[PDB]
file structure25.txt (compact mmCIF, C-alpha atoms and all ligand atoms)
# COMPACT_ATOMS: atom_id res chain seq x y z
CA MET A 1 -10.07 40.36 114.09
CA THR A 2 -7.31 40.54 111.44
CA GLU A 3 -8.11 38.91 108.12
CA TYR A 4 -5.88 38.24 105.14
CA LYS A 5 -7.15 37.44 101.63
CA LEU A 6 -4.66 35.07 100.01
CA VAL A 7 -4.72 33.66 96.49
CA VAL A 8 -2.90 30.54 95.26
CA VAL A 9 -1.98 30.77 91.55
CA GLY A 10 0.02 28.74 89.07
CA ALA A 11 -0.37 26.19 86.28
CA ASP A 12 -2.73 23.22 86.43
CA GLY A 13 -1.22 20.29 88.29
CA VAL A 14 1.40 22.11 90.38
CA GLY A 15 -0.32 21.28 93.68
CA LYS A 16 -2.33 24.43 94.49
CA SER A 17 -5.26 22.40 95.84
CA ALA A 18 -3.01 19.92 97.65
CA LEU A 19 -1.20 22.82 99.37
CA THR A 20 -4.46 24.55 100.29
CA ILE A 21 -5.98 21.36 101.71
CA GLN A 22 -2.86 20.64 103.76
CA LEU A 23 -3.28 24.01 105.41
CA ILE A 24 -7.04 23.73 105.84
CA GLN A 25 -7.33 19.99 106.75
CA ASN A 26 -3.81 18.84 107.74
CA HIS A 27 -3.65 15.97 105.28
CA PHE A 28 -2.61 15.27 101.72
CA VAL A 29 -5.53 14.96 99.35
CA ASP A 30 -4.14 13.09 96.35
CA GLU A 31 -6.85 13.90 93.75
CA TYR A 32 -8.86 17.04 94.54
CA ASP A 33 -11.16 17.90 91.64
CA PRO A 34 -8.77 19.60 89.14
CA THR A 35 -11.44 21.91 87.64
CA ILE A 36 -12.79 23.43 90.86
CA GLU A 37 -11.91 26.92 92.08
CA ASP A 38 -13.01 27.31 95.72
CA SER A 39 -12.03 29.17 98.87
CA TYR A 40 -11.55 28.29 102.52
CA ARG A 41 -11.09 30.40 105.66
CA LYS A 42 -9.01 29.25 108.64
CA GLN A 43 -8.13 30.83 111.93
CA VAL A 44 -4.41 30.67 112.74
CA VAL A 45 -1.97 32.27 115.15
CA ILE A 46 1.18 33.57 113.41
CA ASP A 47 3.88 35.21 115.52
CA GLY A 48 1.34 35.61 118.30
CA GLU A 49 -1.30 37.33 116.11
CA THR A 50 -4.63 35.63 115.63
CA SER A 51 -5.48 35.85 111.95
CA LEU A 52 -8.22 34.65 109.63
CA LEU A 53 -6.67 33.41 106.36
CA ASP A 54 -9.24 33.49 103.54
CA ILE A 55 -7.63 31.48 100.75
CA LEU A 56 -8.70 31.26 97.11
CA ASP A 57 -7.47 28.08 95.37
CA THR A 58 -7.62 29.03 91.69
CA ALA A 59 -8.62 26.65 88.92
CA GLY A 60 -10.76 26.29 85.82
CA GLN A 61 -10.89 27.92 82.42
CA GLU A 62 -8.47 30.61 81.39
CA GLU A 63 -10.72 33.66 81.20
CA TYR A 64 -10.29 37.36 81.96
CA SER A 65 -13.78 38.69 82.70
CA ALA A 66 -14.24 42.05 84.51
CA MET A 67 -15.68 40.11 87.45
CA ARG A 68 -12.56 37.97 87.71
CA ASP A 69 -10.23 40.99 87.59
CA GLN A 70 -12.39 42.50 90.36
CA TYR A 71 -12.27 39.61 92.80
CA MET A 72 -8.61 38.77 91.99
CA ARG A 73 -7.73 42.41 92.81
CA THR A 74 -9.09 41.92 96.35
CA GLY A 75 -6.26 39.43 97.05
CA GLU A 76 -3.73 40.88 99.46
CA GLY A 77 -1.00 38.34 98.80
CA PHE A 78 -0.35 35.62 96.25
CA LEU A 79 1.46 32.29 96.26
CA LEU A 80 3.16 31.80 92.83
CA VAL A 81 3.26 28.00 92.71
CA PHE A 82 5.26 25.86 90.31
CA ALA A 83 6.38 22.24 90.59
CA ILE A 84 10.07 21.38 90.64
CA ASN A 85 9.56 18.50 88.21
CA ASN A 86 7.74 20.62 85.59
CA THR A 87 9.72 23.31 83.73
CA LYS A 88 6.64 24.57 81.89
CA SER A 89 5.00 25.37 85.23
CA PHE A 90 8.07 27.42 86.22
CA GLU A 91 7.98 29.21 82.89
CA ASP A 92 4.34 30.23 83.56
CA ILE A 93 5.27 32.12 86.76
CA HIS A 94 6.02 35.30 84.81
CA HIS A 95 2.47 35.35 83.39
CA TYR A 96 0.80 34.96 86.82
CA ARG A 97 3.02 37.63 88.37
CA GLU A 98 2.19 40.04 85.51
CA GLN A 99 -1.57 39.41 85.82
CA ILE A 100 -1.37 40.15 89.54
CA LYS A 101 0.56 43.38 88.88
CA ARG A 102 -1.98 44.27 86.17
CA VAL A 103 -5.08 43.94 88.35
CA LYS A 104 -3.51 45.42 91.51
CA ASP A 105 -2.07 48.33 89.54
CA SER A 106 1.17 48.07 91.47
CA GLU A 107 4.76 46.92 91.07
CA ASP A 108 4.78 45.99 94.80
CA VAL A 109 2.28 43.24 95.65
CA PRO A 110 3.01 40.69 98.44
CA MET A 111 3.98 37.40 96.77
CA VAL A 112 5.93 34.27 97.60
CA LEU A 113 7.44 31.92 95.02
CA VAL A 114 6.63 28.29 95.94
CA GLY A 115 8.48 25.32 94.44
CA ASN A 116 6.20 22.39 95.20
CA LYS A 117 6.66 18.60 94.84
CA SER A 118 10.06 18.83 96.51
CA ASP A 119 9.67 15.18 97.60
CA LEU A 120 10.04 14.02 93.95
CA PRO A 121 13.42 12.95 92.46
CA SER A 122 12.61 14.03 88.87
CA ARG A 123 13.78 17.61 89.36
CA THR A 124 14.00 19.81 86.27
CA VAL A 125 13.93 23.25 87.92
CA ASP A 126 17.06 23.89 89.93
CA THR A 127 16.80 25.56 93.32
CA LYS A 128 19.22 28.20 91.97
CA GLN A 129 16.89 29.00 89.05
CA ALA A 130 14.04 29.59 91.49
CA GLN A 131 16.22 31.61 93.87
CA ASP A 132 17.39 33.82 90.99
CA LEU A 133 13.84 34.42 89.84
CA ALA A 134 12.57 35.21 93.34
CA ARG A 135 15.54 37.53 93.87
CA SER A 136 14.75 39.34 90.61
CA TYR A 137 11.16 39.84 91.82
CA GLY A 138 12.21 40.93 95.33
CA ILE A 139 10.17 38.11 96.98
CA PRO A 140 10.82 35.02 99.14
CA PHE A 141 11.23 31.51 97.71
CA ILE A 142 9.93 28.51 99.72
CA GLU A 143 10.33 24.84 98.77
CA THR A 144 7.31 22.71 99.65
CA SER A 145 5.89 19.22 99.44
CA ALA A 146 2.12 19.09 99.79
CA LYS A 147 2.59 15.30 99.98
CA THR A 148 4.64 15.34 103.19
CA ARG A 149 3.54 18.83 104.38
CA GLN A 150 7.16 20.07 104.24
CA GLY A 151 7.19 23.86 103.99
CA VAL A 152 3.41 24.34 103.80
CA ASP A 153 2.98 26.47 106.90
CA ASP A 154 6.16 28.33 106.04
CA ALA A 155 4.82 29.29 102.60
CA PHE A 156 1.50 30.66 103.92
CA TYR A 157 2.96 32.28 107.02
CA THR A 158 5.77 33.88 105.00
CA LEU A 159 3.11 35.37 102.72
CA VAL A 160 1.32 36.83 105.77
CA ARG A 161 4.64 38.34 106.91
CA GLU A 162 5.08 39.86 103.44
CA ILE A 163 1.61 41.43 103.70
CA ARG A 164 2.50 42.89 107.11
CA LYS A 165 5.68 44.41 105.69
CA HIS A 166 3.70 45.87 102.78
CA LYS A 167 1.18 47.50 105.12
CA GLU A 168 3.94 49.36 106.96
CA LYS A 169 5.83 50.66 103.83
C1 LIG A 201 -1.64 30.30 77.72
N1 LIG A 201 -1.85 30.86 79.09
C2 LIG A 201 -1.19 32.18 79.23
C3 LIG A 201 0.24 31.87 79.70
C4 LIG A 201 -0.04 30.73 80.71
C5 LIG A 201 -1.28 29.98 80.16
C6 LIG A 201 -2.37 29.74 81.28
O1 LIG A 201 -2.64 31.04 81.86
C7 LIG A 201 -3.68 31.19 82.69
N2 LIG A 201 -4.51 30.15 82.86
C8 LIG A 201 -5.56 30.34 83.64
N3 LIG A 201 -6.35 29.24 83.90
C9 LIG A 201 -6.24 28.00 83.07
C10 LIG A 201 -5.61 26.83 83.87
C11 LIG A 201 -4.28 27.21 84.57
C12 LIG A 201 -4.70 27.79 85.94
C13 LIG A 201 -6.24 27.71 85.93
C14 LIG A 201 -6.87 28.99 85.31
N4 LIG A 201 -6.50 26.55 85.04
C15 LIG A 201 -5.83 31.61 84.20
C16 LIG A 201 -7.04 31.99 84.87
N5 LIG A 201 -7.25 33.20 85.34
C17 LIG A 201 -6.29 34.15 85.24
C18 LIG A 201 -6.55 35.49 85.74
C19 LIG A 201 -7.63 36.17 85.22
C20 LIG A 201 -7.94 37.49 85.61
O2 LIG A 201 -9.03 38.06 85.05
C21 LIG A 201 -7.16 38.15 86.52
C22 LIG A 201 -6.03 37.49 87.09
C23 LIG A 201 -5.22 38.10 88.08
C24 LIG A 201 -4.15 37.45 88.64
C25 LIG A 201 -3.87 36.14 88.25
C26 LIG A 201 -4.61 35.50 87.30
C27 LIG A 201 -5.73 36.15 86.71
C28 LIG A 201 -5.14 33.85 84.52
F1 LIG A 201 -4.16 34.79 84.36
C29 LIG A 201 -4.90 32.60 83.96
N6 LIG A 201 -3.78 32.38 83.20
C1 LIG A 202 -17.30 31.49 88.14
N1 LIG A 202 -17.34 31.89 89.57
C2 LIG A 202 -17.98 30.86 90.43
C3 LIG A 202 -19.43 31.31 90.54
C4 LIG A 202 -19.25 32.80 90.72
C5 LIG A 202 -18.20 33.07 89.65
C6 LIG A 202 -17.45 34.30 90.17
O1 LIG A 202 -16.50 33.90 91.22
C7 LIG A 202 -16.33 34.75 92.23
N2 LIG A 202 -17.06 35.84 92.38
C8 LIG A 202 -16.88 36.64 93.36
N3 LIG A 202 -17.67 37.76 93.35
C9 LIG A 202 -17.56 38.94 94.25
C10 LIG A 202 -17.75 40.30 93.53
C11 LIG A 202 -16.83 40.53 92.32
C12 LIG A 202 -17.53 39.76 91.19
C13 LIG A 202 -18.90 39.38 91.81
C14 LIG A 202 -18.78 37.90 92.32
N4 LIG A 202 -19.10 40.32 92.93
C15 LIG A 202 -15.88 36.36 94.37
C16 LIG A 202 -15.61 37.02 95.59
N5 LIG A 202 -14.67 36.69 96.47
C17 LIG A 202 -13.92 35.60 96.21
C18 LIG A 202 -12.98 35.21 97.24
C19 LIG A 202 -13.48 34.38 98.26
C20 LIG A 202 -12.65 33.96 99.31
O2 LIG A 202 -13.23 33.21 100.31
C21 LIG A 202 -11.32 34.35 99.35
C22 LIG A 202 -10.80 35.20 98.36
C23 LIG A 202 -9.43 35.59 98.46
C24 LIG A 202 -8.91 36.43 97.49
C25 LIG A 202 -9.72 36.86 96.41
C26 LIG A 202 -11.05 36.49 96.30
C27 LIG A 202 -11.62 35.65 97.28
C28 LIG A 202 -14.18 34.87 95.09
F1 LIG A 202 -13.40 33.78 94.83
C29 LIG A 202 -15.15 35.21 94.11
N6 LIG A 202 -15.38 34.41 93.02
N1 LIG A 203 4.55 13.87 94.93
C1 LIG A 203 3.77 14.95 95.02
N2 LIG A 203 2.61 15.00 94.35
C2 LIG A 203 1.90 16.12 94.52
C3 LIG A 203 2.27 17.21 95.38
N3 LIG A 203 1.31 18.18 95.29
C4 LIG A 203 0.38 17.73 94.45
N4 LIG A 203 0.73 16.49 93.99
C5 LIG A 203 -0.01 15.69 93.00
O1 LIG A 203 -0.01 16.43 91.78
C6 LIG A 203 -1.30 16.35 91.14
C7 LIG A 203 -1.93 17.72 91.01
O2 LIG A 203 -2.22 18.24 92.32
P1 LIG A 203 -3.37 19.35 92.54
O3 LIG A 203 -3.37 19.68 93.99
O4 LIG A 203 -4.62 18.87 91.90
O5 LIG A 203 -2.80 20.56 91.65
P2 LIG A 203 -3.60 21.88 91.13
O6 LIG A 203 -4.10 21.58 89.76
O7 LIG A 203 -2.50 22.92 91.12
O8 LIG A 203 -4.67 22.14 92.16
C8 LIG A 203 -2.10 15.35 91.98
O9 LIG A 203 -1.90 14.04 91.41
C9 LIG A 203 -1.45 15.46 93.35
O10 LIG A 203 -1.53 14.29 94.13
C10 LIG A 203 3.53 17.10 96.08
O11 LIG A 203 3.99 17.99 96.83
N5 LIG A 203 4.18 15.95 95.84
MG MG A 204 -6.71 22.43 92.02
call {"tool": "encode", "arguments": {"input": "structure25.txt", "output": "structure tokens"}}
result
Amino acid sequence: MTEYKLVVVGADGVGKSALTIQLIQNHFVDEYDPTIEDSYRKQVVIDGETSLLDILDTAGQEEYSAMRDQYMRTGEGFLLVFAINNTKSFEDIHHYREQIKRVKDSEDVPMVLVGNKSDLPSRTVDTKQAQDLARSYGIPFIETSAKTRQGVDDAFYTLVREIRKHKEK
């Protein structure tokens, strides 16, 4: 009966929707509407536990209404997504992590840093940069390609494992 509320955050264009749709539908959607914030639930078995993952794929205007703080605060774990070919997207990770900490009122929120578009040759964020950042935050780092599905399950399932560890602290 276990359910996990997950939220996928990060800059426009990093592949949040492509990652979400790989998990939900098992294919690469090349051009999912860039403006649309939507959610999807999927039943999975992770380490033998049947789970319902209820995933919010964020999008749309930058706004900070009380309603948005309220529903964002119900997230139990967050994927911090950047793209390895886009330094600006990596530089935005700090902001998303701070907004999560702000609404959850905690220094300890389950998160995973996700470096997407790992299939692309035009790398401008080194793996070491991402590892150093994740280490500084105390969280895992997972390299993904929504295009090929590399790492997708690992990113979501690692986030579930982080939530489990948080629950038992
Ligand atoms: C100049 N900007 C500040 C530096 C980085 C840059 C963009 O920042 C930014 N952009 C957004 N959008 C615009 C683009 C990018 C992604 C989506 C949505 N399309 C955000 C939307 N909601 C939230 C948020 C609102 C909230 O009430 C509570 C939150 C809790 C956790 C995480 C996010 C929350 C944000 F922080 C956004 N930040
Ligand atoms: C501009 N928006 C599009 C039209 C509506 C407007 C607001 O959007 C919006 N409002 C809500 N309200 C619930 C509470 C708090 C404020 C109001 C409205 N009463 C959401 C609730 N849950 C989720 C969600 C669903 C889900 O399946 C998985 C989630 C995982 C983590 C966090 C939230 C999740 C959402 F996305 C909500 N979004
Ligand atoms: N090569 C490559 N392209 C990707 C990958 N993920 C997303 N894209 C492309 O990057 C663009 C933005 O993806 P989208 O899922 O809309 O990003 P979002 O704005 O974060 O939801 C689209 O053109 C996608 O096809 C990936 O892992 N590899
Ligand atoms: Mg999207």
call {"tool": "residues_near_ligand", "arguments": {"input": "structure25.txt", "ligand": "ligand MG 204 (chain A)", "cutoff": "7 Å", "atoms": "all atoms listed in the file", "output": "PDB file with C-alpha atoms, keeping the file's coordinate frame"}}
result
ATOM      1  CA  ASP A  12      -2.730  23.220  86.430  1.00  0.00           C
ATOM      2  CA  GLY A  13      -1.220  20.290  88.290  1.00  0.00           C
ATOM      3  CA  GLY A  15      -0.320  21.280  93.680  1.00  0.00           C
ATOM      4  CA  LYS A  16      -2.330  24.430  94.490  1.00  0.00           C
ATOM      5  CA  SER A  17      -5.260  22.400  95.840  1.00  0.00           C
ATOM      6  CA  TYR A  32      -8.860  17.040  94.540  1.00  0.00           C
ATOM      7  CA  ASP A  33     -11.160  17.900  91.640  1.00  0.00           C
ATOM      8  CA  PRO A  34      -8.770  19.600  89.140  1.00  0.00           C
ATOM      9  CA  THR A  35     -11.440  21.910  87.640  1.00  0.00           C
ATOM     10  CA  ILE A  36     -12.790  23.430  90.860  1.00  0.00           C
ATOM     11  CA  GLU A  37     -11.910  26.920  92.080  1.00  0.00           C
ATOM     12  CA  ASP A  57      -7.470  28.080  95.370  1.00  0.00           C
ATOM     13  CA  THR A  58      -7.620  29.030  91.690  1.00  0.00           C
ATOM     14  CA  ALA A  59      -8.620  26.650  88.920  1.00  0.00           C
TER      15      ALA A  59
END
call {"tool": "residues_near_ligand", "arguments": {"input": "structure25.txt", "ligand": "ligand LIG 203 (chain A)", "cutoff": "10 Å", "atoms": "only C-alpha atoms and all ligand atoms", "output": "VMD selection string"}}
result
chain A and resid 8 to 22 28 to 37 57 to 60 81 to 85 89 115 to 121 143 to 152
call {"tool": "closest_atom_pairs", "arguments": {"input": "structure25.txt", "of": "chain A", "to": "ligand LIG 202 (chain A)", "cutoff": "7 Å", "atoms": "all atoms listed in the file", "output": "tab-separated table"}}
result
residue	atom	partner	partner_atom	distance
A:5	CA	A:LIG202	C23	4.3
A:6	CA	A:LIG202	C23	5.0
A:7	CA	A:LIG202	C24	5.1
A:38	CA	A:LIG202	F1	6.5
A:39	CA	A:LIG202	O2	4.5
A:40	CA	A:LIG202	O2	5.6
A:41	CA	A:LIG202	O2	6.4
A:54	CA	A:LIG202	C21	4.8
A:55	CA	A:LIG202	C21	4.9
A:56	CA	A:LIG202	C23	4.6
A:67	CA	A:LIG202	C12	4.2
A:68	CA	A:LIG202	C12	6.3
A:70	CA	A:LIG202	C11	5.2
A:71	CA	A:LIG202	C11	4.7
A:72	CA	A:LIG202	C25	4.9
A:73	CA	A:LIG202	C25	6.9
A:74	CA	A:LIG202	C25	5.1
A:75	CA	A:LIG202	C24	4.0
call {"tool": "axis_aligned_box", "arguments": {"input": "structure25.txt", "around": "range 148-159 of chain A", "padding_each_side": "3 Å", "output": "JSON"}}
result
{"center_x": 4.3, "center_y": 25.4, "center_z": 104.8, "size_x": 11.7, "size_y": 26.0, "size_z": 10.4}
call {"tool": "atom_distance", "arguments": {"input": "structure25.txt", "atom1": "atom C3 of ligand LIG 201 (chain A)", "atom2": "CA of residue 159 in chain A"}}
result
23.5 Å
call {"tool": "atom_distance", "arguments": {"input": "structure25.txt", "atom1": "CA of residue 96 in chain A", "atom2": "CA of residue 25 in chain A"}}
result
26.2 Å
call {"tool": "residues_around", "arguments": {"input": "structure25.txt", "residues": "residue 129 in chain A", "least_positions_apart": "6", "cutoff": "12 Å", "atoms": "all atoms listed in the file", "output": "list in words"}}
result
residues 84, 87, 90, 91, 113, 115, 123, 135, 136 and 141 of chain A
call {"tool": "closest_residue", "arguments": {"input": "structure25.txt", "among": "A:163, A:111, A:155, A:93", "to": "residue 23 in chain A", "atoms": "only C-alpha atoms"}}
result
A:155
call {"tool": "closest_residue", "arguments": {"input": "structure25.txt", "among": "A:160, A:130, A:100, A:79", "to": "residue 2 in chain A", "atoms": "only C-alpha atoms"}}
result
A:160
call {"tool": "atom_distance", "arguments": {"input": "structure25.txt", "atom1": "CA of residue 169 in chain A", "atom2": "CA of residue 132 in chain A"}}
result
24.1 Å
call {"tool": "closest_residue", "arguments": {"input": "structure25.txt", "among": "A:168, A:62, A:69, A:76", "to": "residue 112 in chain A", "atoms": "only C-alpha atoms"}}
result
A:76
call {"tool": "closest_residue", "arguments": {"input": "structure25.txt", "among": "A:164, A:27, A:95, A:88", "to": "ligand LIG 201 (chain A)", "atoms": "all atoms listed in the file"}}
result
A:95
call {"tool": "closest_residue", "arguments": {"input": "structure25.txt", "among": "A:4, A:137, A:156, A:64", "to": "ligand LIG 201 (chain A)", "atoms": "all atoms listed in the file"}}
result
A:64
call {"tool": "decode", "arguments": {"input": "structure25.txt", "residues": "range 77-103 of chain A", "atoms": "N, CA and C atoms", "output": "compact mmCIF listing (two decimals), in the first residue's frame"}}
result
# COMPACT_ATOMS: atom_id res chain seq x y z
N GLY A 77 10.43 13.27 -1.85
CA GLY A 77 11.78 13.25 -2.39
C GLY A 77 11.80 13.98 -3.71
N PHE A 78 12.97 14.50 -4.08
CA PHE A 78 13.10 15.37 -5.24
C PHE A 78 14.27 14.93 -6.09
N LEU A 79 14.06 14.85 -7.40
CA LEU A 79 15.15 14.72 -8.36
C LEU A 79 15.57 16.13 -8.76
N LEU A 80 16.86 16.45 -8.55
CA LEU A 80 17.47 17.74 -8.96
C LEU A 80 18.12 17.48 -10.31
N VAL A 81 17.43 17.82 -11.39
CA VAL A 81 17.90 17.47 -12.73
C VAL A 81 18.61 18.64 -13.39
N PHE A 82 19.80 18.38 -13.92
CA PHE A 82 20.47 19.27 -14.86
C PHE A 82 20.85 18.45 -16.08
N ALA A 83 21.34 19.13 -17.12
CA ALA A 83 21.81 18.44 -18.31
C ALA A 83 23.31 18.67 -18.45
N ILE A 84 24.04 17.61 -18.81
CA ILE A 84 25.50 17.68 -18.80
C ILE A 84 26.09 18.54 -19.89
N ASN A 85 25.26 18.95 -20.84
CA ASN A 85 25.67 19.86 -21.91
C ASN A 85 25.25 21.30 -21.64
N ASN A 86 24.77 21.63 -20.43
CA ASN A 86 24.17 22.95 -20.20
C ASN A 86 24.60 23.43 -18.80
N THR A 87 25.67 24.23 -18.77
CA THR A 87 26.22 24.70 -17.50
C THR A 87 25.21 25.54 -16.74
N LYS A 88 24.40 26.35 -17.42
CA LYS A 88 23.43 27.16 -16.71
C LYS A 88 22.47 26.28 -15.93
N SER A 89 22.09 25.13 -16.50
CA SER A 89 21.16 24.24 -15.79
C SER A 89 21.80 23.69 -14.53
N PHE A 90 23.10 23.41 -14.57
CA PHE A 90 23.82 22.95 -13.37
C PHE A 90 23.87 24.06 -12.34
N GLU A 91 24.11 25.29 -12.80
CA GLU A 91 24.18 26.42 -11.89
C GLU A 91 22.85 26.68 -11.21
N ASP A 92 21.72 26.29 -11.78
CA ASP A 92 20.40 26.48 -11.18
C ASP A 92 20.09 25.46 -10.09
N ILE A 93 20.89 24.39 -9.94
CA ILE A 93 20.59 23.37 -8.95
C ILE A 93 20.50 23.97 -7.56
N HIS A 94 21.43 24.87 -7.22
CA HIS A 94 21.41 25.47 -5.89
C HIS A 94 20.04 26.06 -5.57
N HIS A 95 19.49 26.85 -6.51
CA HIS A 95 18.18 27.47 -6.31
C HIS A 95 17.11 26.42 -5.99
N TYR A 96 17.02 25.34 -6.80
CA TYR A 96 15.96 24.36 -6.57
C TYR A 96 16.15 23.68 -5.22
N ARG A 97 17.40 23.33 -4.87
CA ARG A 97 17.64 22.73 -3.57
C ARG A 97 17.23 23.66 -2.43
N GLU A 98 17.52 24.97 -2.57
CA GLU A 98 17.14 25.91 -1.51
C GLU A 98 15.62 26.08 -1.42
N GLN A 99 14.91 26.05 -2.55
CA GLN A 99 13.45 26.18 -2.47
C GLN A 99 12.83 24.96 -1.82
N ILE A 100 13.37 23.77 -2.08
CA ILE A 100 12.92 22.57 -1.40
C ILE A 100 13.14 22.69 0.10
N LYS A 101 14.36 23.06 0.50
CA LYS A 101 14.66 23.21 1.94
C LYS A 101 13.75 24.25 2.57
N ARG A 102 13.44 25.31 1.82
CA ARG A 102 12.58 26.39 2.33
C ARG A 102 11.18 25.86 2.63
N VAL A 103 10.57 25.14 1.68
CA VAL A 103 9.18 24.75 1.89
C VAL A 103 9.07 23.55 2.84
